[PDB]
file coords_33.txt (compact mmCIF, C-alpha atoms (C1' of nucleotides))
# COMPACT_ATOMS: atom_id res chain seq x y z
CA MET S 1 -3.26 -50.42 1.57
CA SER S 2 -5.18 -48.54 -1.12
CA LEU S 3 -5.31 -45.16 -2.84
CA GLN S 4 -8.17 -43.23 -4.42
CA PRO S 5 -7.98 -39.96 -6.37
CA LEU S 6 -10.01 -37.10 -4.93
CA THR S 7 -11.66 -34.31 -6.91
CA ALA S 8 -10.46 -30.90 -5.71
CA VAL S 9 -13.89 -29.26 -5.56
CA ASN S 10 -14.02 -25.47 -5.32
CA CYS S 11 -11.78 -23.62 -2.88
CA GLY S 12 -8.72 -25.76 -3.39
CA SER S 13 -6.46 -22.72 -3.87
CA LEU S 14 -5.90 -22.43 -0.09
CA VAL S 15 -3.60 -25.49 0.05
CA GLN S 16 0.11 -24.63 -0.12
CA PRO S 17 3.16 -26.94 -0.10
CA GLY S 18 3.71 -26.50 3.64
CA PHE S 19 0.61 -26.87 5.82
CA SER S 20 -0.85 -28.81 8.74
CA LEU S 21 -3.77 -31.16 9.39
CA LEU S 22 -4.90 -30.96 13.02
CA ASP S 23 -6.93 -34.10 13.74
CA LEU S 24 -9.28 -33.57 16.67
CA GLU S 25 -12.81 -34.78 17.43
CA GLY S 26 -13.75 -36.66 14.28
CA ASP S 27 -13.36 -34.28 11.36
CA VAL S 28 -9.86 -32.90 10.84
CA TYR S 29 -8.94 -29.23 10.33
CA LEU S 30 -6.68 -27.90 7.60
CA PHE S 31 -4.42 -25.09 8.78
CA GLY S 32 -1.85 -22.86 7.14
CA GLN S 33 -3.94 -21.21 4.44
CA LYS S 34 -2.13 -19.66 1.48
CA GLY S 35 -1.71 -15.91 1.86
CA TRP S 36 -3.37 -13.91 4.59
CA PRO S 37 -6.89 -14.85 5.73
CA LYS S 38 -9.38 -13.59 3.15
CA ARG S 39 -12.73 -12.48 4.51
CA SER S 40 -14.44 -15.49 2.91
CA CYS S 41 -13.18 -17.22 6.08
CA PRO S 42 -11.86 -14.58 8.49
CA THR S 43 -10.41 -17.18 10.85
CA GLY S 44 -7.90 -19.02 8.65
CA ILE S 45 -8.71 -22.59 9.73
CA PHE S 46 -10.86 -25.02 7.73
CA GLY S 47 -12.77 -28.20 8.48
CA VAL S 48 -12.24 -30.87 5.84
CA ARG S 49 -14.66 -33.65 4.86
CA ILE S 50 -14.00 -36.47 2.39
CA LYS S 51 -17.16 -38.02 0.96
CA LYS S 52 -17.52 -40.10 -2.23
CA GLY S 53 -14.23 -38.66 -3.48
CA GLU S 54 -15.27 -35.04 -2.99
CA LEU S 55 -12.91 -33.09 -0.69
CA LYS S 56 -15.07 -30.30 0.72
CA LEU S 57 -13.73 -27.50 2.93
CA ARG S 58 -15.94 -25.60 5.38
CA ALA S 59 -15.10 -22.40 7.24
CA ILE S 60 -14.67 -22.89 11.00
CA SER S 61 -15.23 -19.94 13.34
CA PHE S 62 -13.31 -18.98 16.45
CA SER S 63 -14.86 -18.33 19.85
CA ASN S 64 -15.10 -15.01 21.64
CA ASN S 65 -12.10 -15.45 23.97
CA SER S 66 -9.64 -16.57 21.28
CA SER S 67 -6.73 -14.60 19.91
CA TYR S 68 -6.34 -15.06 16.19
CA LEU S 69 -3.62 -16.93 14.30
CA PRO S 70 -1.59 -15.99 11.23
CA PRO S 71 -1.41 -18.82 8.72
CA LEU S 72 2.01 -20.27 9.55
CA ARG S 73 3.51 -22.36 6.75
CA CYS S 74 5.57 -25.12 8.45
CA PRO S 75 5.25 -24.84 12.24
CA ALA S 76 5.81 -27.47 14.94
CA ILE S 77 2.55 -29.25 15.80
CA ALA S 78 2.37 -31.20 19.07
CA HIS S 79 -0.78 -33.16 19.92
CA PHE S 80 -1.42 -32.84 23.66
CA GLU S 81 -3.74 -35.74 24.39
CA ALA S 82 -7.06 -35.61 26.21
CA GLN S 83 -6.62 -35.15 29.97
CA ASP S 84 -6.83 -32.46 32.64
CA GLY S 85 -7.46 -29.74 32.26
CA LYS S 86 -8.99 -28.75 28.91
CA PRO S 87 -8.87 -31.65 26.43
CA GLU S 88 -7.66 -31.94 23.94
CA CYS S 89 -4.94 -29.46 23.04
CA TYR S 90 -2.87 -28.78 19.95
CA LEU S 91 0.37 -26.86 20.51
CA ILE S 92 1.36 -24.82 17.45
CA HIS S 93 4.87 -23.29 17.49
CA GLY S 94 6.20 -21.43 15.79
CA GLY S 95 6.50 -21.41 11.98
CA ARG S 96 6.59 -18.33 9.76
CA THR S 97 3.80 -15.93 8.69
CA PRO S 98 2.87 -15.09 5.08
CA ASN S 99 5.41 -12.27 5.45
CA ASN S 100 8.77 -13.98 5.65
CA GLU S 101 9.43 -13.66 9.37
CA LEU S 102 9.41 -16.23 12.16
CA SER S 103 6.65 -16.20 14.77
CA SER S 104 8.35 -17.43 17.98
CA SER S 105 5.04 -17.61 19.89
CA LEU S 106 3.42 -20.74 21.34
CA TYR S 107 -0.30 -21.14 20.59
CA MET S 108 -2.69 -23.64 22.20
CA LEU S 109 -5.82 -24.69 20.29
CA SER S 110 -8.89 -26.41 21.81
CA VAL S 111 -12.58 -27.14 21.05
CA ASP S 112 -15.45 -25.22 22.69
CA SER S 113 -19.03 -26.16 21.73
CA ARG S 114 -21.34 -27.79 19.16
CA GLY S 115 -23.25 -27.97 17.05
CA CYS S 116 -25.91 -27.02 16.42
CA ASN S 117 -26.28 -28.11 12.76
CA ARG S 118 -22.89 -29.66 11.98
CA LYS S 119 -20.96 -26.71 13.43
CA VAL S 120 -17.86 -26.81 15.65
CA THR S 121 -16.31 -23.84 17.45
CA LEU S 122 -12.60 -23.67 18.31
CA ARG S 123 -10.49 -21.40 20.48
CA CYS S 124 -6.85 -20.32 20.20
CA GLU S 125 -5.07 -19.07 23.32
CA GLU S 126 -1.63 -17.56 22.93
CA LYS S 127 0.44 -18.61 25.93
CA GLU S 128 3.37 -16.57 27.18
CA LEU S 129 6.81 -18.16 27.60
CA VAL S 130 9.13 -16.72 30.25
CA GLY S 131 12.82 -17.51 29.97
CA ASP S 132 15.12 -18.29 28.19
CA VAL S 133 12.57 -18.46 25.35
CA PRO S 134 13.57 -20.60 22.36
CA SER S 135 14.79 -18.66 19.35
CA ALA S 136 12.39 -18.20 16.44
CA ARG S 137 12.64 -21.26 14.21
CA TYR S 138 10.69 -23.29 11.68
CA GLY S 139 10.67 -26.97 10.79
CA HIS S 140 11.64 -28.13 14.28
CA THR S 141 9.73 -30.66 16.37
CA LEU S 142 7.82 -30.42 19.63
CA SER S 143 6.71 -33.52 21.52
CA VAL S 144 4.60 -34.14 24.62
CA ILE S 145 5.84 -36.30 27.50
CA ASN S 146 4.14 -37.33 30.76
CA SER S 147 6.64 -37.95 33.58
CA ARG S 148 5.40 -38.76 37.09
CA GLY S 149 3.05 -37.26 36.43
CA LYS S 150 3.66 -33.78 35.12
CA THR S 151 3.21 -33.04 31.43
CA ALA S 152 6.13 -31.32 29.72
CA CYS S 153 7.17 -30.57 26.16
CA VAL S 154 10.52 -31.25 24.49
CA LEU S 155 11.49 -28.81 21.71
CA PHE S 156 14.35 -29.66 19.37
CA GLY S 157 15.71 -29.02 15.89
CA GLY S 158 14.86 -26.53 13.22
CA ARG S 159 16.43 -23.99 10.90
CA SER S 160 16.52 -20.26 11.54
CA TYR S 161 17.49 -17.07 9.78
CA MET S 162 21.10 -15.97 10.22
CA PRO S 163 21.89 -14.10 13.48
CA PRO S 164 21.64 -10.27 13.33
CA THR S 165 25.39 -9.76 12.88
CA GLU S 166 26.22 -11.57 9.61
CA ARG S 167 22.69 -10.87 8.33
CA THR S 168 23.28 -9.09 5.02
CA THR S 169 20.79 -7.91 2.41
CA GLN S 170 22.59 -10.19 -0.02
CA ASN S 171 22.39 -13.18 2.39
CA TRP S 172 18.96 -12.15 3.73
CA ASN S 173 16.90 -15.07 2.45
CA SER S 174 19.49 -17.71 3.51
CA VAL S 175 18.82 -20.05 6.45
CA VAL S 176 21.19 -21.92 8.77
CA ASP S 177 20.56 -24.64 11.33
CA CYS S 178 19.81 -23.43 14.84
CA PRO S 179 22.26 -24.50 17.56
CA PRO S 180 21.52 -28.01 18.92
CA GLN S 181 20.15 -27.52 22.45
CA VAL S 182 16.94 -29.12 23.72
CA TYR S 183 14.36 -26.82 25.32
CA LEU S 184 12.01 -28.19 27.99
CA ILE S 185 8.81 -26.12 28.09
CA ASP S 186 6.06 -26.41 30.67
CA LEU S 187 2.48 -26.27 29.42
CA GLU S 188 1.71 -24.04 32.42
CA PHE S 189 3.40 -21.88 33.37
CA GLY S 190 5.57 -20.61 30.55
CA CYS S 191 8.81 -21.38 32.39
CA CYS S 192 11.17 -22.82 29.77
CA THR S 193 14.60 -24.30 30.49
CA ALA S 194 17.37 -24.98 27.97
CA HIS S 195 19.77 -27.92 28.22
CA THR S 196 22.72 -29.05 26.09
CA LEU S 197 24.08 -32.55 25.54
CA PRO S 198 27.33 -33.75 23.94
CA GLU S 199 25.89 -36.52 21.74
CA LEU S 200 23.78 -33.97 19.84
CA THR S 201 26.43 -32.34 17.63
CA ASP S 202 24.23 -30.35 15.23
CA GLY S 203 20.53 -29.69 14.98
CA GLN S 204 18.29 -31.22 12.36
CA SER S 205 15.15 -30.21 10.50
CA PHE S 206 12.07 -31.95 9.15
CA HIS S 207 12.77 -35.02 11.30
CA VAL S 208 9.70 -36.95 12.44
CA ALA S 209 9.69 -37.24 16.24
CA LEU S 210 7.72 -39.89 18.14
CA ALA S 211 7.02 -39.65 21.86
CA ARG S 212 5.71 -42.22 24.31
CA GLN S 213 6.07 -43.00 28.02
CA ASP S 214 8.68 -40.34 28.87
CA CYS S 215 10.85 -41.36 25.91
CA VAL S 216 11.35 -39.57 22.58
CA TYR S 217 12.66 -41.20 19.39
CA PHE S 218 14.03 -38.94 16.65
CA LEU S 219 14.21 -40.40 13.16
CA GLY S 220 16.63 -39.20 10.51
CA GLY S 221 16.73 -35.48 9.82
CA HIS S 222 18.51 -33.39 7.21
CA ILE S 223 21.65 -31.65 8.44
CA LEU S 224 22.42 -28.62 6.27
CA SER S 225 26.04 -28.29 7.45
CA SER S 226 27.42 -31.54 5.99
CA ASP S 227 24.43 -32.09 3.63
CA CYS S 228 24.03 -35.61 5.07
CA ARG S 229 20.76 -37.41 5.73
CA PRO S 230 21.95 -39.40 8.75
CA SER S 231 20.62 -42.95 9.13
CA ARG S 232 21.26 -42.76 12.88
CA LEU S 233 18.25 -43.12 15.16
CA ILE S 234 18.30 -40.85 18.21
CA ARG S 235 16.69 -41.48 21.58
CA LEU S 236 16.33 -39.21 24.59
CA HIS S 237 14.95 -39.98 28.03
CA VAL S 238 13.71 -37.18 30.29
CA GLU S 239 12.20 -37.06 33.75
CA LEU S 240 10.82 -34.04 35.60
CA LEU S 241 11.98 -34.54 39.19
CA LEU S 242 11.79 -31.50 41.45
CA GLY S 243 13.27 -29.28 40.67
CA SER S 244 15.05 -30.16 37.43
CA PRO S 245 13.77 -31.78 34.23
CA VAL S 246 16.85 -33.98 33.97
CA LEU S 247 17.55 -35.24 30.46
CA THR S 248 19.81 -37.89 28.90
CA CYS S 249 20.32 -39.30 25.42
CA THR S 250 21.61 -42.26 23.41
CA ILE S 251 22.35 -43.18 19.79
CA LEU S 252 20.80 -46.23 18.11
CA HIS S 253 22.00 -48.41 15.25
CA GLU S 254 19.40 -48.02 12.51
CA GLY S 255 17.14 -45.08 11.75
CA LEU S 256 15.36 -44.42 8.50
CA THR S 257 16.87 -41.89 6.09
CA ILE S 258 13.61 -39.99 5.45
CA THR S 259 12.98 -36.27 6.02
CA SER S 260 9.55 -34.59 6.10
CA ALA S 261 7.64 -37.84 6.52
CA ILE S 262 3.88 -38.35 6.95
CA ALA S 263 3.46 -40.20 10.27
CA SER S 264 -0.09 -41.55 10.57
CA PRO S 265 -1.12 -43.34 13.78
CA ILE S 266 -3.09 -46.52 13.10
CA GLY S 267 -2.85 -48.70 16.20
CA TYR S 268 -2.45 -47.81 19.85
CA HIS S 269 1.18 -46.73 19.38
CA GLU S 270 1.83 -48.22 15.93
CA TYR S 271 2.48 -45.71 13.14
CA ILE S 272 2.70 -45.94 9.37
CA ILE S 273 5.39 -43.71 7.83
CA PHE S 274 4.86 -42.52 4.25
CA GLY S 275 8.07 -40.54 4.00
CA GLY S 276 9.09 -37.50 2.05
CA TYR S 277 12.54 -38.05 0.57
CA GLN S 278 15.47 -40.49 0.64
CA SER S 279 17.91 -38.04 -0.99
CA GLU S 280 17.90 -34.47 -2.27
CA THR S 281 16.95 -35.57 -5.78
CA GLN S 282 15.19 -38.94 -5.50
CA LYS S 283 12.06 -39.01 -3.34
CA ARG S 284 11.03 -42.04 -1.29
CA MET S 285 8.51 -44.44 -2.80
CA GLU S 286 8.34 -47.22 -0.20
CA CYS S 287 5.92 -47.12 2.74
CA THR S 288 7.16 -48.31 6.13
CA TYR S 289 5.65 -49.33 9.47
CA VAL S 290 7.11 -48.24 12.80
CA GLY S 291 5.80 -49.74 15.99
CA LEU S 292 7.24 -48.58 19.27
CA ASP S 293 7.26 -49.86 22.84
CA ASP S 294 9.36 -49.68 26.01
CA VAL S 295 11.98 -51.94 24.40
CA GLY S 296 12.54 -49.81 21.31
CA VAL S 297 11.49 -48.99 17.78
CA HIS S 298 10.41 -51.96 15.64
CA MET S 299 10.60 -51.53 11.87
CA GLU S 300 8.73 -53.45 9.18
CA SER S 301 8.48 -52.90 5.43
CA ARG S 302 4.82 -53.18 4.37
CA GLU S 303 3.63 -53.49 0.78
CA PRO S 304 3.12 -49.99 -0.67
CA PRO S 305 0.03 -49.53 -2.86
CA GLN S 306 0.46 -49.48 -6.62
CA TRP S 307 1.24 -45.88 -7.49
CA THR S 308 -0.14 -44.22 -10.59
CA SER S 309 2.58 -43.22 -13.06
CA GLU S 310 2.00 -39.59 -12.05
CA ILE S 311 2.72 -39.89 -8.32
CA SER S 312 5.62 -42.22 -9.15
CA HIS S 313 7.24 -39.72 -11.54
CA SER S 314 6.53 -36.66 -9.35
CA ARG S 315 9.48 -34.50 -8.38
CA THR S 316 8.05 -33.32 -5.04
CA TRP S 317 5.10 -34.39 -2.92
CA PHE S 318 3.64 -33.42 0.45
CA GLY S 319 0.65 -34.06 2.66
CA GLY S 320 -0.44 -35.05 6.13
CA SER S 321 -2.29 -37.63 8.18
CA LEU S 322 -6.08 -37.58 8.35
CA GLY S 323 -5.71 -40.24 11.05
CA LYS S 324 -7.23 -43.67 11.64
CA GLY S 325 -5.13 -45.33 8.97
CA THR S 326 -5.94 -42.60 6.45
CA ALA S 327 -3.59 -40.01 4.99
CA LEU S 328 -3.79 -37.30 2.33
CA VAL S 329 -1.09 -36.68 -0.27
CA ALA S 330 -0.83 -33.92 -2.87
CA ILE S 331 0.99 -33.69 -6.20
CA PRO S 332 1.66 -30.35 -7.93
CA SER S 333 0.19 -30.49 -11.42
CA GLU S 334 1.64 -29.00 -14.62
CA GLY S 335 -0.58 -27.91 -17.48
CA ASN S 336 -1.34 -25.08 -19.89
CA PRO S 337 -3.80 -23.37 -19.73
CA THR S 338 -3.64 -23.08 -15.94
CA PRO S 339 -5.93 -25.84 -14.57
CA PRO S 340 -6.18 -23.52 -12.36
CA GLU S 341 -6.33 -26.15 -9.60
CA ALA S 342 -2.64 -26.61 -8.86
CA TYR S 343 -2.64 -29.71 -6.69
CA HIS S 344 -4.08 -32.97 -7.69
CA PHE S 345 -5.10 -34.99 -4.42
CA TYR S 346 -4.94 -38.65 -3.34
CA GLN S 347 -6.36 -40.47 -0.28
CA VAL S 348 -4.37 -43.39 0.97
CA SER S 349 -5.83 -45.91 3.41
CA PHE S 350 -4.22 -48.62 5.52
CA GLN S 351 -6.17 -51.90 5.78
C1' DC L 1 67.53 25.66 8.67
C1' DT L 2 64.53 29.91 7.01
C1' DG L 3 63.65 34.44 4.42
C1' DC L 4 64.61 37.57 0.32
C1' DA L 5 67.43 39.37 -3.64
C1' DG L 6 71.11 40.60 -7.56
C1' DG L 7 71.98 37.67 -11.23
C1' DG L 8 72.26 33.03 -13.91
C1' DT L 9 70.17 29.25 -16.50
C1' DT L 10 66.98 27.78 -20.47
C1' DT L 11 62.78 28.65 -22.23
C1' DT L 12 58.96 31.16 -23.68
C1' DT L 13 56.03 35.29 -25.97
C1' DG L 14 55.99 38.58 -28.84
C1' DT L 15 57.31 42.04 -32.02
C1' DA L 16 59.79 42.97 -35.24
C1' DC L 17 61.60 43.19 -41.27
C1' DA L 18 59.53 41.29 -45.71
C1' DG L 19 56.71 38.43 -49.67
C1' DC L 20 52.24 35.91 -50.53
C1' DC L 21 48.21 32.29 -50.48
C1' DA L 22 43.41 31.08 -48.63
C1' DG L 23 39.23 32.17 -47.68
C1' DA L 24 35.45 35.88 -46.44
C1' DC L 25 33.07 39.92 -48.34
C1' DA L 26 29.02 41.75 -52.07
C1' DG L 27 25.64 40.23 -55.09
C1' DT L 28 22.25 37.91 -57.71
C1' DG L 29 18.51 35.30 -59.37
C1' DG L 30 16.80 31.83 -58.04
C1' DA L 31 17.27 26.75 -56.48
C1' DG L 32 17.24 23.65 -53.99
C1' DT L 33 18.70 23.88 -50.07
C1' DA L 34 17.27 22.27 -45.02
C1' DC L 35 14.53 22.79 -41.10
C1' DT L 36 10.35 23.56 -39.06
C1' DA L 37 4.98 23.10 -38.18
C1' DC L 38 0.48 20.64 -38.89
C1' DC L 39 -2.44 16.40 -38.66
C1' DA L 40 -5.05 12.91 -36.23
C1' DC L 41 -3.90 8.98 -33.57
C1' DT L 42 -0.98 5.08 -30.52
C1' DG L 43 0.57 2.49 -26.05
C1' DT L 44 1.54 1.21 -21.28
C1' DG L 45 -2.61 0.88 -17.98
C1' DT L 46 -6.13 -5.79 -17.82
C1' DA L 47 -9.37 -10.71 -12.36
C1' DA L 48 -10.54 -12.25 -8.20
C1' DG L 49 -13.02 -10.85 -4.03
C1' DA L 50 -16.71 -8.73 -1.00
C1' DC L 51 -21.76 -8.82 0.23
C1' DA L 52 -26.78 -9.55 0.19
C1' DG L 53 -30.57 -12.61 -0.78
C1' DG L 54 -32.89 -17.12 -1.42
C1' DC L 55 -33.18 -21.73 -0.27
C1' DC L 56 -32.26 -26.53 0.87
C1' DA L 57 -30.80 -30.30 3.47
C1' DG L 58 -29.82 -32.64 7.40
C1' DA L 59 -30.24 -32.79 12.40
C1' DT L 60 -33.68 -32.60 16.56
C1' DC L 61 -38.00 -33.17 19.56
call {"tool": "encode", "arguments": {"input": "coords_33.txt", "output": "structure tokens"}}
result
Amino acid sequence: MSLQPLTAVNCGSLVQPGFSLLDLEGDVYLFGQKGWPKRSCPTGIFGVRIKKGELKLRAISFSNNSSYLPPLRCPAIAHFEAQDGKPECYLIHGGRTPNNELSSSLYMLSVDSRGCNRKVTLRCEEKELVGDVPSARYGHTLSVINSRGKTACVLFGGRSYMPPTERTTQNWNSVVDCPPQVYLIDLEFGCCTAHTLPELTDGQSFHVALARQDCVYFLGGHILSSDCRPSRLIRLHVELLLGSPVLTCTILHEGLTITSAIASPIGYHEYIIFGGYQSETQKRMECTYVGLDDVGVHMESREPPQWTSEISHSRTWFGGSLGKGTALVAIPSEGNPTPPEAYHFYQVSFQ
DNA sequence: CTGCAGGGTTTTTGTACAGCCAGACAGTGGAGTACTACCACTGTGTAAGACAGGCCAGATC
């Protein structure tokens, strides 16, 4: 456990509070640029490199067959691991564009070719969903399961704008939790089914979901109806058996009370959770370790690194997982005159 | 019940005697009155982003 400050070298104004780090093939790719894509980088996606403290961002370039992506702020990222057919995929869905509307379109991102000289080409394919599509939402979670042997995706949670009946230009910008029904989406084709279960009373948002061996564990979300941060741990068990993806669920005793956590994989299935917030006012400071197996989730409090007074007295903080026991955290910075660099950056490393 | 029509009711609308004050009219000689034009000149316009060229640094045979 260690932390080092990073110097936000030029072009650090493209990092916004909500954003994603897609970790694929060595270097990781920042995504969710602030504002619309400026023609300095007409794609919108960036490759990030951390070297001797310098955080340098390079402009990736799409391939010829790709449809282009609007910089969603807080979408649902699902890492589809390397296997047949085209490894490895990242499922982005659905978030909200730089104009405040919700996308409701599933995108699949893959790698194409390299280099020559330290260059990587990507490709984004928008994939149609026939249904019974899930309603446009943001903050939810999507997870990838492999069940004998078909790959499916489980989609759950997330806020949404009010339905188009009570929607009023005085209550326009208000959000309410989407109804709690789990959507099972096939990677191919776009046939999506929707199931409901009694144990899931209300939906959640910003809840870290972990998925392994046809089982999905949901940690504590933030329910906006009762304003509670439930410490219940949720588990659901699905199996795709022709012709239904039959789904069941169970409640567990203890689940951590964190919302919007930074889940970095370190081991085979062991994760380190950095956490966003314990309560509405007081953010989480402790770092936790969550291993998981067929038995269940195993929790362990590990020693958190000594925080600088700044990151300890920060009101809000965000970030993502660079992977391999490394994570990136950001602190909004106050000063006059404008720094102008708004976000000061830290790199945290496990072992 | 409706409609209109002589007259009633009380109330207005005005003209009628008849005496009498308050302000406009004329004016003036000019004053100071009061209202207009003329004169240069002001403020609100206020930061990043696109593109072409040169070059260097790291990866490859």
call {"tool": "atom_distance", "arguments": {"input": "coords_33.txt", "atom1": "CA of residue 221 (chain S)", "atom2": "CA of residue 203 (chain S)"}}
result
8.6 Å
call {"tool": "interface_residues", "arguments": {"input": "coords_33.txt", "of": "chain S", "to": "chain L", "cutoff": "10 Å", "atoms": "all atoms listed in the file", "output": "ChimeraX atom specification"}}
result
/S:38-40,115-118
call {"tool": "write_last_selection", "arguments": {"input": "coords_33.txt", "atoms": "C-alpha atoms", "output": "PDB file, in the coordinates of the input"}}
result
ATOM      1  CA  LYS S  38      -9.380 -13.590   3.150  1.00  0.00           C
ATOM      2  CA  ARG S  39     -12.730 -12.480   4.510  1.00  0.00           C
ATOM      3  CA  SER S  40     -14.440 -15.490   2.910  1.00  0.00           C
ATOM      4  CA  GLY S 115     -23.250 -27.970  17.050  1.00  0.00           C
ATOM      5  CA  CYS S 116     -25.910 -27.020  16.420  1.00  0.00           C
ATOM      6  CA  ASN S 117     -26.280 -28.110  12.760  1.00  0.00           C
ATOM      7  CA  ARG S 118     -22.890 -29.660  11.980  1.00  0.00           C
TER       8      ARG S 118
END
call {"tool": "atom_distance", "arguments": {"input": "coords_33.txt", "atom1": "CA of residue 311 (chain S)", "atom2": "CA of residue 279 (chain S)"}}
result
17.0 Å
call {"tool": "residues_around", "arguments": {"input": "coords_33.txt", "residues": "residue 301 (chain S)", "least_positions_apart": "2", "cutoff": "9 Å", "atoms": "all atoms listed in the file", "output": "number ranges by chain"}}
result
S: 286-290, 299, 303-304
call {"tool": "closest_residue", "arguments": {"input": "coords_33.txt", "among": "S:267, S:95, S:176, S:198", "to": "residue 226 (chain S)", "atoms": "all atoms listed in the file"}}
result
S:176
call {"tool": "residues_around", "arguments": {"input": "coords_33.txt", "residues": "residue 141 (chain S)", "least_positions_apart": "3", "cutoff": "12 Å", "atoms": "all atoms listed in the file", "output": "MDAnalysis selection string"}}
result
chainID S and resid 74:79 91:95 137:138 144 153:159 182:183 203:211 216:219 221 260
call {"tool": "closest_residue", "arguments": {"input": "coords_33.txt", "among": "S:220, S:20, S:285, S:337", "to": "residue 255 (chain S)", "atoms": "all atoms listed in the file"}}
result
S:220
